[PDB]
Structure formats: structure tokens, C-alpha cells
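What follows is a single chain, given as C-alpha cells, in the form deposited without the named molecule.
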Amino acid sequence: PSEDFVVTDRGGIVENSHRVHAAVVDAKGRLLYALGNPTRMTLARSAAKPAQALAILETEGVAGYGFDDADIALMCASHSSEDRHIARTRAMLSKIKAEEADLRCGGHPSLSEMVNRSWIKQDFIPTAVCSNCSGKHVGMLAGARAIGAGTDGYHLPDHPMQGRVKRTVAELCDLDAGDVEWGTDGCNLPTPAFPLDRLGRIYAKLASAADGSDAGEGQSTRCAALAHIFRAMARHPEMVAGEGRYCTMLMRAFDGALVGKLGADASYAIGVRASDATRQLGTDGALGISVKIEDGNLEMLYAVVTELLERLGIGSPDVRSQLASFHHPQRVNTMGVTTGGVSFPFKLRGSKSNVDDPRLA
């Protein structure tokens, strides 16, 4: 594996450096481009959420609860805990006739500084319904009810809802159960680790499913549901994150061409629908991108992800300029003097078919 870094400087003097791992894969998970170790065993954290939403959506009779595309986007969310997110979470609890008291996720400081500031003013202590993963938890309760397993312990790994989740994640990764490791997340659910490239493969399968559905092609019920999750995230991107959040601004910029999702401690996944851009990357289908910053730095993650989209020619300069504040983190001191910047000396490595493209592959 290569020595691929994002580097910060102060007056040209190196401040911090951050090791970058990245996989770019086709609809079958074949590796097209890489940084660092693209097979790094990686906790996907919230970037696993679409796989968890598929498990929920494949549960007999969850159709019955009348979840809309905005609700599915919230199941797929690390939301900012804005009032709209809390209100959708409550409306989802009503649709399954459950109560806040059924939630086994806990409250935390908002992922949005402006939300935190609102909460600090109101001396508000966040509760379970405020969890960035609240949507997932309501989705898991819904699954738990529909299975007839009861909602008690729906979060526990031996609950049948979690056995559906583990099985679904392994299958989307094309891995044996033994190849997927499990810990416990901040929101108190089981959370998977698998090779970084397989997160890319999950998202390439979402984008691939969207293309199959749109092409009015016949589709397995699994593929139909993946198309539905893609559409839900792309068309309700504020539900997936919130105002000023990377994921939201990324998916609004791309206006349905891709979905993207943060994982805590600096993983990211994108599924890109077949396009002129993906064709020039030497695949005729959809594409998956997965990234991990080794040290967990989110600011560096969003810079690297945006740089990779630019390097890969995904969207136009004009679409990607909506993310300029993320691409090029500001280094402006307390007196408004620019003191340095962020550089990307990493160099994409290519599959054999991409080797020696001077477009730095």
C-alpha cells in the first residue's frame, strides 16, 4: 500500500499530515483506483446505514407502515438533530405506534454547531429522539414489530432484527459472516467492520440499482429496494444530514447523479450512477467510492472526498464549487489573515487498464 497523505501547512511549513485510504470500484466491486490500503478493515459506522435500511425494508409487512421517501432518507441519516429531524422521527414512531420510550439510542451533542448553540441557549438536554441515528432506530423497531419478535431489545445483536442486519451487510459486501466483524456504535446498535473496498461495493450496488430501476429494467426485489433507498437519499438529502452538512450539499449539488454518506471517525461512501464521467473512468456501469482518513479527522475527510471527485472528473467544476469550503478548508487566523492551507500530494494508483494515464492515475 502507498504513502498517500493530505497535508496542512502554516506558511509552507508542514503542520499536520493525514493518511488516506480509498477504493474506487465498479458495480461488481472490481478495484479501478486506490489510495493507501483500499482493503483496510474499516468500521463503516453510519456509512453502513443504507445496508441497515435494506434489512428494514426487506422485512415482511414494513411496507404496511406507510414510510415515505423522506422517512427512508432519515433511516439512512446521520442527521443534525434539527427540529424537522426530531419531528420526522416522532411521525415515524406514530406510524408504527411506538413511543420515544421504546428507543434504545441516547442523546448527544448535535453534529451541527448551530443546533448545539440553539440547544445551549434553551438549556435543552438531547434525548433518544434527538439521536443522529433516530431514523435507523425507528426503522429497526418497525422491523422488530413486523417480524413478530417484539420490540424489546430490538438493538441487541441476538434480536432477530439484528440477525437480518448482519446477514444483509455480509451479502451486500459479498462476504462470509466470518469476514464481517461487529462492535457497538455510539447509538448502541451493532456496527460492522469490513474491507474498505466493500463499502465502495455497497454504494456501487445502490447506484447500479438506481440505473436498473430508471431503465425500466426488471429487478430482483432486493435491487428494487436498493433503487428506492438511492432515490430516497438523493431526493431528500436534508433528511440524510442537514443544513450546511457535506452530505446534504454534495447530494443537492449533484441533483440525483450520486448519493454520499458519512461514517463517524472519517469514513465516506459515494454511489455514482452511470454517466459520461464513469465511462471515462473505464467502466460502463455505476461506480462506488469509499474513503477512510486513518486518524479520524472529518475536516480532512471532506477535503479529500471532494479532491477525489475533482481528480476523477465526477461532476463539473461548477457543480463541485458548491463544496469549495469543504474542498479547501480555510486557514484564517483570529485577525482574518490566511496562515496556510491544505494540499493533496497523494497520487491515485490504477488498475491495469488505468495504469499510466497521465491524468494522475
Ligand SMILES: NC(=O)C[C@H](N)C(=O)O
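Residue indices: 1-based, along the sequence shown.
The form solved in complex with the named molecule is left out here; the points below concern that form.
> Quick one: does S78 come within 4.5 Å of the named molecule in the entry with it bound, counting heavy atoms only?
Yes - in the entry with it bound, heavy atoms of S78 and the named molecule come within 4.5 Å of each other.
> Hey, in the entry with it bound, does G242 get a heavy atom within 4.5 angstroms of the named molecule?
No, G242 is distant from the partner.
> With the partner left out here, check for me: in the entry with it bound, does some heavy atom of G285 sit within 4.5 Å of the named molecule?
Contact with the named molecule, no.
> Wondering, does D197 line up within 4.5 Å of the named molecule in the entry with it bound on heavy atoms?
Because no heavy atom of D197 falls inside 4.5 Å of the named molecule in the entry with it bound, the answer is no.
> Please identify, from 86-94, 151-159, 125-133, 173-181, the stretch that has a heavy atom within 4.5 Å of the named molecule in the entry with it bound.
Stretch 125-133 is the one.
> Even though the named molecule is not shown here, does it sit in the entry with it bound so that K49, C187 and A264 each have a heavy atom within 4.5 Å?
Yes: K49, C187 and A264 each sit within 4.5 Å of the named molecule in the entry with it bound.
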